[PDB]
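Comments concern the structure below.
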Amino acid sequence: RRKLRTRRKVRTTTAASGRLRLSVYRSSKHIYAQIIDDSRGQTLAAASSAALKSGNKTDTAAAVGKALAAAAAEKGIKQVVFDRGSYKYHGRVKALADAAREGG
Amino acid sequence: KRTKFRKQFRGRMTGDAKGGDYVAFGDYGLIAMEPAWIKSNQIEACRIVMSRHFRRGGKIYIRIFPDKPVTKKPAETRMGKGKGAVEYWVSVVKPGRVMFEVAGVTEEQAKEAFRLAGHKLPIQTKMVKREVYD
Amino acid sequence: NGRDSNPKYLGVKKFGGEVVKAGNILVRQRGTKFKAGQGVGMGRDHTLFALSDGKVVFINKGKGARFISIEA
Amino acid sequence: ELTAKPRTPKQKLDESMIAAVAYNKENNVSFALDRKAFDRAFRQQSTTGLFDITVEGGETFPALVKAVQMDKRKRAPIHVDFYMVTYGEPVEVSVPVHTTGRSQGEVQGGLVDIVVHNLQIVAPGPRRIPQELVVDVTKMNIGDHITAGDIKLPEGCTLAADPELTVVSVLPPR
Amino acid sequence: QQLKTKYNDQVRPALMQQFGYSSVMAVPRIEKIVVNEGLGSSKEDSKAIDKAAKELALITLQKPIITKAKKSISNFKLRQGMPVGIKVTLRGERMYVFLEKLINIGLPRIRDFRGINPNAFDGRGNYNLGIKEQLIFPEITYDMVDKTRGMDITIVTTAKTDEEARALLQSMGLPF
RNA sequence: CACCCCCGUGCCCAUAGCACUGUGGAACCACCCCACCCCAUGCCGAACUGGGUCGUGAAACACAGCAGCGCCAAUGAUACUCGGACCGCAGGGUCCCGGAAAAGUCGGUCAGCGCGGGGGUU
RNA sequence: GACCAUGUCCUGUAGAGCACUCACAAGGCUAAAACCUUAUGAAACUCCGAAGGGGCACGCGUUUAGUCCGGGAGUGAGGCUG
Ligand SMILES: [Mg+2]
Ligand SMILES: [Mg+2]
Ligand SMILES: [Mg+2]
Ligand SMILES: [Mg+2]
Ligand SMILES: [Mg+2]
Ligand SMILES: [Mg+2]
Ligand SMILES: [Mg+2]
Ligand SMILES: [Mg+2]
Ligand SMILES: [Mg+2]
Ligand SMILES: [Mg+2]
Ligand SMILES: [Mg+2]
Ligand SMILES: [Mg+2]
Ligand SMILES: [Mg+2]
Ligand SMILES: [Mg+2]
């Protein structure tokens, strides 16, 4: 089964560290990748791909990361924890991290 | 009556019965009045005598069973070393716990069967007929 | 036989409603009979000691789901 | 009839068969009974019928005895449970079994054992429930067992037990 | 290659006409073909077992894997952690080829009353196949491979119905 | 929190789960779609994974009905017991006061609260 | 300090139960393990589970002990009852 995600999301015990976590959903390339402060039941920085276009999924993903980096920097955030989903750090998601911390 | 394999030893205590206060299976039955151990052999004598009264019968459930070893110390020995090895098995029998339960035999026949089956026993007992049973 | 082994005086060393210094030991255990909530960290033999000074509080839905937090 | 004894009042040495609650969704009721006069009715009705009670206040209430709590040390009753009857097939009652006549195995064979002296069923009629269940054992051979599946269930009754369960069974001698 | 896909596309309407699905995806398909050698009937040294992996690999254009013995010390020369029989999954082009190797000209046809007598019963996919012997190739020369192990070959297919198993052989080039 | 609905992520932590089942469709999600290469299978693009439309709501998933199952669960009555005070040679047991289960019945439920977004009534 | 009261937390005994382990009672079912109706015991069994009991905090209440530091000791064979 997909015991990848409960495992990786129990390994964010370091939400006790105070950093926010950055969920990603390499599914339909919907890769919405929310930023969450877990303590409240609250999310703070959405970046859904509704009509961003940008072409092939591996590069639209980096576009989603570079746009969300601004979308969260507006509110005043910089500590980061990359709560990957079940997905590997394989590239199409790795571009999201590269472009996200390229412009925190 | 003997238990085919176990762990080796035990202990003891008593308080009133919580398993088998009501009769099933049979027509009539018999119930303890006194807390006690009962040996394998006291059972087997009740079986021998109630099978004497029940020739070609087959209505003899034995809703009790020697679970507990009890181990006397050997001949003449001063204390020191374990509880020797088990000398006989016994069944705890707290009051209100049924022992016996017949069917298929008329009231005075079962009543005599229970007279003899109790007289070999080390306890008071009482015959009961079933009706306040859920 | 006639053998036996030393007592290991294990337990809930600090009961909920007890202020604790940092590094106080609060539960001793063979394993994770307690699973350490926020502020607490669990050692090698799975004793869990508070990190932060404050009150001790028991999160406890039970069945292996009992946790010890500390509130400042 | 019964009187109210809410909470924990003392009982008469006339047993007053106390500790009795009747209940459904609606209301819970008081304990006090009339000792042997209870038993004189209960054996006649014996879970398979209802009878009204009249505490001061409520002049009538039908219940069918759900369960009894007898003493263990002295085979006497103590507490009895009850359930009210909302009518219109709501009743889940344990009918006594009974056996008729000589069986072919009672001719030349041996034992005639009722493996289930009572058995539970729903009753389409609420105020009409069988008081017994006479079973036609005449036609079985030695070593056969009447299963519950062919047990007569008058007037559309359902069977609340396994179709394949044995109820009565002839048994070899010895 | 193209012929196996054509038989797939001819089966799918054949099943929609013998039993209408709302969807072509609802139609039974064939997921994977597995072949399980079991040289625990003839546990050997590395020589013979690697030779059998060699012959399955030559037959397949795949590298067979060794299944390894479970913790189960037993009367029957059983051990702890040792090889006890090859296994080979096939999906994609490597799978259909074998079935087109078997439905058509590459069938050994060494023995055949009809197809193996039906075994899925419940009718969901799993159609197990037994080859009593491998005297069924031009890939071997019998005097050198005088040993003749058998083979198991399980077909896995979707099928929510029992009778639908009939589809996976009748229209799939297999005798029934 | 205008009304629904979808994708996700929390609190909760079987009264939320199972099964039977019906609705769902390019909006969302999902399989199918191809593979020399990113990347990978101790054999297989099944799994990760990279390149996408058709097709299809089949399967999975979401959402409703559902009391066959599980899950919870009184009142009442006991068991037991803190203190008090007793009987039996003994096993053992009783009384006064107060606390008081477990099992079972009665009955309860196929949940309940957030947060961000996506598309709807245009 | 001490008793007593409130609040809180921790416990696996009595009891009670078979849900796992050992045992075990009558049958049905059957290549008998398994399975079902019914029926039971368990120091090394537990789906459960009090009364009590221990730590903390308060004193929302009556009391007078406690703590440490320095001198001197003796005691380290216990007996009964419940
Ligand atoms: Mg004791
Ligand atoms: Mg019982
Ligand atoms: Mg010894
Ligand atoms: Mg009560
Ligand atoms: Mg008191
Ligand atoms: Mg006392
Ligand atoms: Mg009391
Ligand atoms: Mg004080
Ligand atoms: Mg006990
Ligand atoms: Mg103690
Ligand atoms: Mg103060
Ligand atoms: Mg001194
Ligand atoms: Mg001494
Ligand atoms: Mg002493």
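Just remember, in the structure tokens the first chain shown is A, the second B, etc., residues are 1-based per chain, and ligands are 1-based in the order shown.
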Discussion item. Within 9 Å of ligand 11 (counting only C-alpha atoms (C1' of nucleotides) and all ligand atoms), which residues show up? I'd like them as a list in words.
Written reply: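 Counting only C-alpha atoms (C1' of nucleotides) and all ligand atoms, the residues within 9 Å of ligand 11 come out as residues 57, 58 and 59 of chain G.
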Discussion item. Could you list, as a PyMOL selection string, every residue within 12 Å of residue 88 of chain B, counting only C-alpha atoms (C1' of nucleotides) and ignoring same-chain residues fewer than 5 positions away?
Written reply: chain B and resi 1-3+8-10+37-42+66-72
Can you spit out the residues from that selection as a PDB file, in the first residue's frame, using N, CA, C and O atoms?
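File result-v5.pdb, as written:
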ATOM      1  N   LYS B   1     -10.775 -36.598  33.767  1.00  0.00           N
ATOM      2  CA  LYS B   1     -10.468 -36.141  35.118  1.00  0.00           C
ATOM      3  C   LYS B   1      -8.986 -35.757  35.262  1.00  0.00           C
ATOM      4  O   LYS B   1      -8.690 -34.624  35.613  1.00  0.00           O
ATOM      5  N   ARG B   2      -8.053 -36.669  34.987  1.00  0.00           N
ATOM      6  CA  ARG B   2      -6.669 -36.255  34.791  1.00  0.00           C
ATOM      7  C   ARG B   2      -6.554 -35.391  33.544  1.00  0.00           C
ATOM      8  O   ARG B   2      -7.212 -35.638  32.530  1.00  0.00           O
ATOM      9  N   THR B   3      -5.698 -34.381  33.615  1.00  0.00           N
ATOM     10  CA  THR B   3      -5.549 -33.392  32.558  1.00  0.00           C
ATOM     11  C   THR B   3      -4.313 -33.704  31.719  1.00  0.00           C
ATOM     12  O   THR B   3      -3.202 -33.778  32.249  1.00  0.00           O
ATOM     13  N   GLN B   8       2.687 -27.001  35.883  1.00  0.00           N
ATOM     14  CA  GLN B   8       2.853 -28.124  36.819  1.00  0.00           C
ATOM     15  C   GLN B   8       2.066 -27.986  38.136  1.00  0.00           C
ATOM     16  O   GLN B   8       1.532 -28.988  38.640  1.00  0.00           O
ATOM     17  N   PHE B   9       1.985 -26.783  38.722  1.00  0.00           N
ATOM     18  CA  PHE B   9       1.510 -26.644  40.103  1.00  0.00           C
ATOM     19  C   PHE B   9       0.504 -25.499  40.241  1.00  0.00           C
ATOM     20  O   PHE B   9       0.199 -24.795  39.276  1.00  0.00           O
ATOM     21  N   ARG B  10       0.008 -25.295  41.480  1.00  0.00           N
ATOM     22  CA  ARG B  10      -1.028 -24.299  41.758  1.00  0.00           C
ATOM     23  C   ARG B  10      -0.964 -23.595  43.117  1.00  0.00           C
ATOM     24  O   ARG B  10       0.069 -23.052  43.516  1.00  0.00           O
ATOM     25  N   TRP B  37     -12.813 -28.473  47.173  1.00  0.00           N
ATOM     26  CA  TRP B  37     -12.216 -29.289  46.127  1.00  0.00           C
ATOM     27  C   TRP B  37     -12.921 -30.637  46.028  1.00  0.00           C
ATOM     28  O   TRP B  37     -13.391 -31.199  47.026  1.00  0.00           O
ATOM     29  N   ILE B  38     -12.962 -31.175  44.812  1.00  0.00           N
ATOM     30  CA  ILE B  38     -13.456 -32.525  44.576  1.00  0.00           C
ATOM     31  C   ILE B  38     -12.455 -33.248  43.692  1.00  0.00           C
ATOM     32  O   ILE B  38     -12.011 -32.708  42.681  1.00  0.00           O
ATOM     33  N   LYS B  39     -12.051 -34.435  44.103  1.00  0.00           N
ATOM     34  CA  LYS B  39     -11.026 -35.168  43.381  1.00  0.00           C
ATOM     35  C   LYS B  39     -11.608 -35.852  42.150  1.00  0.00           C
ATOM     36  O   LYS B  39     -12.814 -36.099  42.048  1.00  0.00           O
ATOM     37  N   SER B  40     -10.714 -36.168  41.213  1.00  0.00           N
ATOM     38  CA  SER B  40     -11.075 -36.979  40.058  1.00  0.00           C
ATOM     39  C   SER B  40     -11.867 -38.196  40.480  1.00  0.00           C
ATOM     40  O   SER B  40     -12.891 -38.535  39.873  1.00  0.00           O
ATOM     41  N   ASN B  41     -11.397 -38.859  41.535  1.00  0.00           N
ATOM     42  CA  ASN B  41     -11.979 -40.109  41.988  1.00  0.00           C
ATOM     43  C   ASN B  41     -13.386 -39.938  42.544  1.00  0.00           C
ATOM     44  O   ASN B  41     -14.211 -40.843  42.389  1.00  0.00           O
ATOM     45  N   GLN B  42     -13.692 -38.802  43.192  1.00  0.00           N
ATOM     46  CA  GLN B  42     -15.065 -38.597  43.655  1.00  0.00           C
ATOM     47  C   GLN B  42     -16.015 -38.444  42.469  1.00  0.00           C
ATOM     48  O   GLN B  42     -17.121 -39.013  42.448  1.00  0.00           O
ATOM     49  N   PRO B  66     -11.800 -31.859  37.350  1.00  0.00           N
ATOM     50  CA  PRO B  66     -10.512 -31.584  38.005  1.00  0.00           C
ATOM     51  C   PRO B  66      -9.466 -30.911  37.128  1.00  0.00           C
ATOM     52  O   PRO B  66      -8.728 -31.563  36.375  1.00  0.00           O
ATOM     53  N   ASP B  67      -9.401 -29.580  37.263  1.00  0.00           N
ATOM     54  CA  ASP B  67      -8.409 -28.714  36.638  1.00  0.00           C
ATOM     55  C   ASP B  67      -7.125 -28.549  37.460  1.00  0.00           C
ATOM     56  O   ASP B  67      -6.045 -28.423  36.869  1.00  0.00           O
ATOM     57  N   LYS B  68      -7.211 -28.592  38.812  1.00  0.00           N
ATOM     58  CA  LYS B  68      -6.143 -28.130  39.702  1.00  0.00           C
ATOM     59  C   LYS B  68      -5.314 -29.278  40.261  1.00  0.00           C
ATOM     60  O   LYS B  68      -5.875 -30.165  40.916  1.00  0.00           O
ATOM     61  N   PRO B  69      -4.008 -29.332  40.016  1.00  0.00           N
ATOM     62  CA  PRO B  69      -3.156 -30.275  40.739  1.00  0.00           C
ATOM     63  C   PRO B  69      -3.060 -29.909  42.210  1.00  0.00           C
ATOM     64  O   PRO B  69      -3.172 -28.742  42.588  1.00  0.00           O
ATOM     65  N   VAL B  70      -2.834 -30.917  43.053  1.00  0.00           N
ATOM     66  CA  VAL B  70      -2.467 -30.690  44.447  1.00  0.00           C
ATOM     67  C   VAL B  70      -1.480 -31.776  44.868  1.00  0.00           C
ATOM     68  O   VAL B  70      -1.742 -32.978  44.694  1.00  0.00           O
ATOM     69  N   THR B  71      -0.358 -31.338  45.441  1.00  0.00           N
ATOM     70  CA  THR B  71       0.895 -32.083  45.498  1.00  0.00           C
ATOM     71  C   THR B  71       1.348 -32.194  46.952  1.00  0.00           C
ATOM     72  O   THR B  71       1.881 -31.235  47.527  1.00  0.00           O
ATOM     73  N   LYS B  72       1.121 -33.366  47.543  1.00  0.00           N
ATOM     74  CA  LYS B  72       1.600 -33.649  48.880  1.00  0.00           C
ATOM     75  C   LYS B  72       3.119 -33.810  48.847  1.00  0.00           C
ATOM     76  O   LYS B  72       3.706 -34.163  47.815  1.00  0.00           O
TER      77      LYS B  72
END
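For the pair atom CA of residue 66 of chain A and atom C1' of residue 10 of chain F, the interatomic distance is 25.4 Å.
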Discussion item. Please identify the alpha helix (DSSP H) residues within chain E (assignment by DSSP from backbone atoms) and present them as a ChimeraX atom specification.
Written reply: /E:2-18,46-60,93-103,167-170
Could you dump the residues just selected with C-alpha atoms as a PDB file, in the first residue's frame?
ATOM      1  CA  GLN E   2       0.571  -6.267 -34.055  1.00  0.00           C
ATOM      2  CA  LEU E   3      -1.343  -9.573 -34.264  1.00  0.00           C
ATOM      3  CA  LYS E   4      -1.698  -9.886 -30.483  1.00  0.00           C
ATOM      4  CA  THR E   5      -3.074  -6.343 -30.306  1.00  0.00           C
ATOM      5  CA  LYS E   6      -5.496  -7.112 -33.135  1.00  0.00           C
ATOM      6  CA  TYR E   7      -6.746 -10.158 -31.247  1.00  0.00           C
ATOM      7  CA  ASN E   8      -7.164  -7.975 -28.150  1.00  0.00           C
ATOM      8  CA  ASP E   9      -9.200  -5.459 -30.160  1.00  0.00           C
ATOM      9  CA  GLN E  10     -11.277  -8.254 -31.690  1.00  0.00           C
ATOM     10  CA  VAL E  11     -11.934  -9.829 -28.294  1.00  0.00           C
ATOM     11  CA  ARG E  12     -13.115  -6.616 -26.645  1.00  0.00           C
ATOM     12  CA  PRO E  13     -16.134  -6.069 -28.978  1.00  0.00           C
ATOM     13  CA  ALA E  14     -16.696  -9.837 -28.894  1.00  0.00           C
ATOM     14  CA  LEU E  15     -17.152  -9.535 -25.132  1.00  0.00           C
ATOM     15  CA  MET E  16     -19.259  -6.388 -25.398  1.00  0.00           C
ATOM     16  CA  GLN E  17     -21.522  -8.357 -27.792  1.00  0.00           C
ATOM     17  CA  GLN E  18     -21.615 -11.512 -25.667  1.00  0.00           C
ATOM     18  CA  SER E  46      24.581 -23.757  -8.448  1.00  0.00           C
ATOM     19  CA  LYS E  47      25.304 -25.549 -11.722  1.00  0.00           C
ATOM     20  CA  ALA E  48      21.905 -27.094 -12.501  1.00  0.00           C
ATOM     21  CA  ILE E  49      19.865 -24.241 -11.011  1.00  0.00           C
ATOM     22  CA  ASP E  50      21.759 -21.597 -12.984  1.00  0.00           C
ATOM     23  CA  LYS E  51      21.301 -23.794 -16.062  1.00  0.00           C
ATOM     24  CA  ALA E  52      17.518 -23.761 -15.572  1.00  0.00           C
ATOM     25  CA  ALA E  53      17.527 -20.008 -15.056  1.00  0.00           C
ATOM     26  CA  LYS E  54      19.614 -19.935 -18.239  1.00  0.00           C
ATOM     27  CA  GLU E  55      17.023 -21.865 -20.236  1.00  0.00           C
ATOM     28  CA  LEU E  56      14.069 -19.790 -19.023  1.00  0.00           C
ATOM     29  CA  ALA E  57      16.064 -16.634 -19.810  1.00  0.00           C
ATOM     30  CA  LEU E  58      16.870 -17.879 -23.309  1.00  0.00           C
ATOM     31  CA  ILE E  59      13.182 -18.636 -23.804  1.00  0.00           C
ATOM     32  CA  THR E  60      12.088 -15.227 -22.497  1.00  0.00           C
ATOM     33  CA  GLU E  93       5.371  -6.580 -25.149  1.00  0.00           C
ATOM     34  CA  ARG E  94       7.386  -9.349 -23.482  1.00  0.00           C
ATOM     35  CA  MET E  95       4.134 -10.912 -22.200  1.00  0.00           C
ATOM     36  CA  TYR E  96       1.851 -10.804 -25.242  1.00  0.00           C
ATOM     37  CA  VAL E  97       4.640 -12.212 -27.416  1.00  0.00           C
ATOM     38  CA  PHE E  98       4.693 -15.337 -25.272  1.00  0.00           C
ATOM     39  CA  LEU E  99       0.949 -15.713 -25.540  1.00  0.00           C
ATOM     40  CA  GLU E 100       1.239 -15.166 -29.305  1.00  0.00           C
ATOM     41  CA  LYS E 101       4.109 -17.622 -29.096  1.00  0.00           C
ATOM     42  CA  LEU E 102       1.658 -20.040 -27.454  1.00  0.00           C
ATOM     43  CA  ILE E 103      -1.655 -19.405 -29.226  1.00  0.00           C
ATOM     44  CA  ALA E 167     -13.755 -15.036 -22.789  1.00  0.00           C
ATOM     45  CA  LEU E 168     -10.060 -15.229 -21.993  1.00  0.00           C
ATOM     46  CA  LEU E 169      -9.393 -18.401 -23.995  1.00  0.00           C
ATOM     47  CA  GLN E 170     -12.172 -19.039 -26.524  1.00  0.00           C
TER      48      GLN E 170
END
Item to complete: Kindly provide, as a PyMOL selection string, all nucleotide and amino acid residues lying within 10 Å of ligand 5, counting only C-alpha atoms (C1' of nucleotides) and all ligand atoms.
Response: chain F and resi 82-84+96-99
Practice prompt. Can you pull out every residue within 12 Å of residue 37 of chain A, counting only C-alpha atoms (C1' of nucleotides), but drop anything in the same chain fewer than 3 positions away, and send it as a PyMOL selection string?
Written response: (chain A and resi 12+14-23+34+40-45+77+79-81) or (chain F and resi 9-10+115-116)
Worksheet entry | Exercise answer, chain C residues close to chain G, 10 Å and only C-alpha atoms (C1' of nucleotides), as a PyMOL selection string | chain C and resi 11-19+27+56-58
Only N, CA and C atoms, please: the residues just picked out, written as a PDB file, in the first residue's frame.
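Dumped to part-v1.pdb:
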ATOM      1  N   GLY C  11       8.219   3.316  36.441  1.00  0.00           N
ATOM      2  CA  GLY C  11       6.894   3.884  36.547  1.00  0.00           C
ATOM      3  C   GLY C  11       6.760   5.246  35.896  1.00  0.00           C
ATOM      4  N   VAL C  12       5.548   5.774  36.056  1.00  0.00           N
ATOM      5  CA  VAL C  12       5.175   7.169  35.891  1.00  0.00           C
ATOM      6  C   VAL C  12       5.830   7.976  36.995  1.00  0.00           C
ATOM      7  N   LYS C  13       7.104   8.336  36.821  1.00  0.00           N
ATOM      8  CA  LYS C  13       7.834   9.003  37.897  1.00  0.00           C
ATOM      9  C   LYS C  13       7.215  10.346  38.263  1.00  0.00           C
ATOM     10  N   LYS C  14       6.640  11.051  37.283  1.00  0.00           N
ATOM     11  CA  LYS C  14       6.008  12.353  37.462  1.00  0.00           C
ATOM     12  C   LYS C  14       4.577  12.259  36.956  1.00  0.00           C
ATOM     13  N   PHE C  15       3.614  12.503  37.834  1.00  0.00           N
ATOM     14  CA  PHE C  15       2.204  12.356  37.500  1.00  0.00           C
ATOM     15  C   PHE C  15       1.610  13.692  37.087  1.00  0.00           C
ATOM     16  N   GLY C  16       0.685  13.655  36.121  1.00  0.00           N
ATOM     17  CA  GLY C  16       0.105  14.859  35.547  1.00  0.00           C
ATOM     18  C   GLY C  16      -0.424  15.786  36.622  1.00  0.00           C
ATOM     19  N   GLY C  17      -0.083  17.071  36.546  1.00  0.00           N
ATOM     20  CA  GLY C  17      -0.191  17.935  37.705  1.00  0.00           C
ATOM     21  C   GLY C  17       1.083  18.106  38.504  1.00  0.00           C
ATOM     22  N   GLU C  18       2.242  17.800  37.922  1.00  0.00           N
ATOM     23  CA  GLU C  18       3.539  17.975  38.566  1.00  0.00           C
ATOM     24  C   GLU C  18       4.428  18.849  37.699  1.00  0.00           C
ATOM     25  N   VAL C  19       4.821  20.007  38.225  1.00  0.00           N
ATOM     26  CA  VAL C  19       5.799  20.830  37.524  1.00  0.00           C
ATOM     27  C   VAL C  19       7.125  20.079  37.474  1.00  0.00           C
ATOM     28  N   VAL C  27       8.362   9.231  32.994  1.00  0.00           N
ATOM     29  CA  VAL C  27       7.941   7.844  32.917  1.00  0.00           C
ATOM     30  C   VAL C  27       9.148   6.969  32.637  1.00  0.00           C
ATOM     31  N   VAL C  56       3.184  19.163  33.760  1.00  0.00           N
ATOM     32  CA  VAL C  56       3.110  17.900  33.025  1.00  0.00           C
ATOM     33  C   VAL C  56       1.647  17.521  32.818  1.00  0.00           C
ATOM     34  N   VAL C  57       1.314  17.094  31.598  1.00  0.00           N
ATOM     35  CA  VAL C  57      -0.063  16.835  31.197  1.00  0.00           C
ATOM     36  C   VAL C  57      -0.080  15.552  30.390  1.00  0.00           C
ATOM     37  N   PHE C  58      -1.134  14.758  30.588  1.00  0.00           N
ATOM     38  CA  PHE C  58      -1.282  13.437  29.985  1.00  0.00           C
ATOM     39  C   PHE C  58      -2.329  13.526  28.883  1.00  0.00           C
TER      40      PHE C  58
END
For chain B, report every residue with an atom at most 12 Å from chain C (counting only C-alpha atoms), formatted as a PDB file with C-alpha atoms, in the first residue's frame.
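The new file selection16.pdb reads:
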ATOM      1  CA  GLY B  80      12.687 -27.890  52.258  1.00  0.00           C
ATOM      2  CA  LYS B  81      12.517 -28.356  48.465  1.00  0.00           C
ATOM      3  CA  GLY B  82       9.513 -27.917  46.257  1.00  0.00           C
TER       4      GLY B  82
END
Worksheet entry | Members of chain B assigned strand (DSSP E) by DSSP, as an NGL selection string | :B and (28-32 or 36-39 or 60-62 or 68-70 or 88-93 or 98-102 or 125-129)
Contacts of ligand 13, 9 Å or closer, only C-alpha atoms (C1' of nucleotides) and all ligand atoms, given as a PDB file with N, CA, C and O atoms (P, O5', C5', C4', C3', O3' and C1' of nucleotides), in the first residue's frame:
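Wrote part_34.pdb, looks like this:
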ATOM      1  P     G G  76      19.421  -6.250  68.620  1.00  0.00           P
ATOM      2  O5'   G G  76      19.350  -5.963  67.049  1.00  0.00           O
ATOM      3  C5'   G G  76      18.584  -6.780  66.176  1.00  0.00           C
ATOM      4  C4'   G G  76      18.953  -6.523  64.745  1.00  0.00           C
ATOM      5  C3'   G G  76      20.072  -7.379  64.158  1.00  0.00           C
ATOM      6  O3'   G G  76      19.580  -8.616  63.631  1.00  0.00           O
ATOM      7  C1'   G G  76      20.377  -5.068  63.611  1.00  0.00           C
ATOM      8  P     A G  77      20.389 -10.008  63.750  1.00  0.00           P
ATOM      9  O5'   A G  77      20.165 -10.458  65.266  1.00  0.00           O
ATOM     10  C5'   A G  77      18.919 -10.243  65.939  1.00  0.00           C
ATOM     11  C4'   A G  77      18.046 -11.473  65.977  1.00  0.00           C
ATOM     12  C3'   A G  77      16.544 -11.226  66.129  1.00  0.00           C
ATOM     13  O3'   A G  77      15.841 -12.202  65.375  1.00  0.00           O
ATOM     14  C1'   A G  77      17.282 -12.645  67.866  1.00  0.00           C
ATOM     15  P     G G  78      15.241 -11.893  63.916  1.00  0.00           P
ATOM     16  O5'   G G  78      13.676 -12.157  64.129  1.00  0.00           O
ATOM     17  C5'   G G  78      12.848 -11.220  64.803  1.00  0.00           C
ATOM     18  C4'   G G  78      12.257 -11.769  66.078  1.00  0.00           C
ATOM     19  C3'   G G  78      10.782 -12.178  66.037  1.00  0.00           C
ATOM     20  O3'   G G  78      10.577 -13.524  65.627  1.00  0.00           O
ATOM     21  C1'   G G  78      11.149 -10.739  67.869  1.00  0.00           C
TER      22        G G  78
END
Worksheet item: Hey, what's within 8 Å of segment 132-138 of chain E if we count only C-alpha atoms (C1' of nucleotides) and toss same-chain stuff fewer than 2 positions away? As a PyMOL selection string, please?
Response: chain E and resi 108-110+130+140-142+148-151
Save out the residues we just selected, N, CA, C and O atoms, as a PDB file, in the first residue's frame.
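So out24.pdb came out as:
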ATOM      1  N   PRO E 108       4.256 -25.651 -28.968  1.00  0.00           N
ATOM      2  CA  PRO E 108       4.845 -26.962 -29.249  1.00  0.00           C
ATOM      3  C   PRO E 108       3.837 -27.968 -29.775  1.00  0.00           C
ATOM      4  O   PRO E 108       4.196 -28.813 -30.605  1.00  0.00           O
ATOM      5  N   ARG E 109       2.584 -27.886 -29.322  1.00  0.00           N
ATOM      6  CA  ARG E 109       1.524 -28.838 -29.671  1.00  0.00           C
ATOM      7  C   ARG E 109       1.971 -30.283 -29.462  1.00  0.00           C
ATOM      8  O   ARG E 109       1.461 -31.191 -30.120  1.00  0.00           O
ATOM      9  N   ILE E 110       2.926 -30.508 -28.550  1.00  0.00           N
ATOM     10  CA  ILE E 110       3.467 -31.852 -28.352  1.00  0.00           C
ATOM     11  C   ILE E 110       2.386 -32.800 -27.861  1.00  0.00           C
ATOM     12  O   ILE E 110       2.356 -33.978 -28.243  1.00  0.00           O
ATOM     13  N   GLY E 130      -0.564 -25.770 -16.225  1.00  0.00           N
ATOM     14  CA  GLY E 130       0.451 -26.757 -15.918  1.00  0.00           C
ATOM     15  C   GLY E 130       1.034 -27.346 -17.192  1.00  0.00           C
ATOM     16  O   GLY E 130       0.302 -27.831 -18.058  1.00  0.00           O
ATOM     17  N   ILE E 140      15.703 -26.623 -27.122  1.00  0.00           N
ATOM     18  CA  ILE E 140      16.492 -27.613 -26.414  1.00  0.00           C
ATOM     19  C   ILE E 140      16.838 -28.752 -27.366  1.00  0.00           C
ATOM     20  O   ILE E 140      16.247 -28.910 -28.440  1.00  0.00           O
ATOM     21  N   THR E 141      17.847 -29.529 -26.974  1.00  0.00           N
ATOM     22  CA  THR E 141      18.198 -30.793 -27.612  1.00  0.00           C
ATOM     23  C   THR E 141      18.114 -31.879 -26.548  1.00  0.00           C
ATOM     24  O   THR E 141      18.833 -31.814 -25.545  1.00  0.00           O
ATOM     25  N   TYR E 142      17.251 -32.881 -26.771  1.00  0.00           N
ATOM     26  CA  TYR E 142      16.773 -33.706 -25.657  1.00  0.00           C
ATOM     27  C   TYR E 142      17.880 -34.520 -24.989  1.00  0.00           C
ATOM     28  O   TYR E 142      17.811 -34.770 -23.778  1.00  0.00           O
ATOM     29  N   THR E 148      13.855 -33.293 -17.351  1.00  0.00           N
ATOM     30  CA  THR E 148      12.659 -32.580 -17.815  1.00  0.00           C
ATOM     31  C   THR E 148      11.811 -32.182 -16.607  1.00  0.00           C
ATOM     32  O   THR E 148      10.959 -32.939 -16.138  1.00  0.00           O
ATOM     33  N   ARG E 149      12.071 -30.981 -16.110  1.00  0.00           N
ATOM     34  CA  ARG E 149      11.219 -30.337 -15.129  1.00  0.00           C
ATOM     35  C   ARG E 149       9.946 -29.833 -15.808  1.00  0.00           C
ATOM     36  O   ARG E 149       9.898 -29.665 -17.031  1.00  0.00           O
ATOM     37  N   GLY E 150       8.883 -29.662 -15.018  1.00  0.00           N
ATOM     38  CA  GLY E 150       7.670 -29.024 -15.492  1.00  0.00           C
ATOM     39  C   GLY E 150       7.660 -27.514 -15.273  1.00  0.00           C
ATOM     40  O   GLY E 150       8.636 -26.908 -14.824  1.00  0.00           O
ATOM     41  N   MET E 151       6.516 -26.897 -15.594  1.00  0.00           N
ATOM     42  CA  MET E 151       6.365 -25.453 -15.434  1.00  0.00           C
ATOM     43  C   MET E 151       4.933 -25.095 -15.044  1.00  0.00           C
ATOM     44  O   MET E 151       3.973 -25.740 -15.473  1.00  0.00           O
TER      45      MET E 151
END
Item to complete: Go ahead and compute the interatomic distance for atom CA of residue 137 of chain D and atom CA of residue 64 of chain D, in Å to one decimal.
Response: 29.5 Å
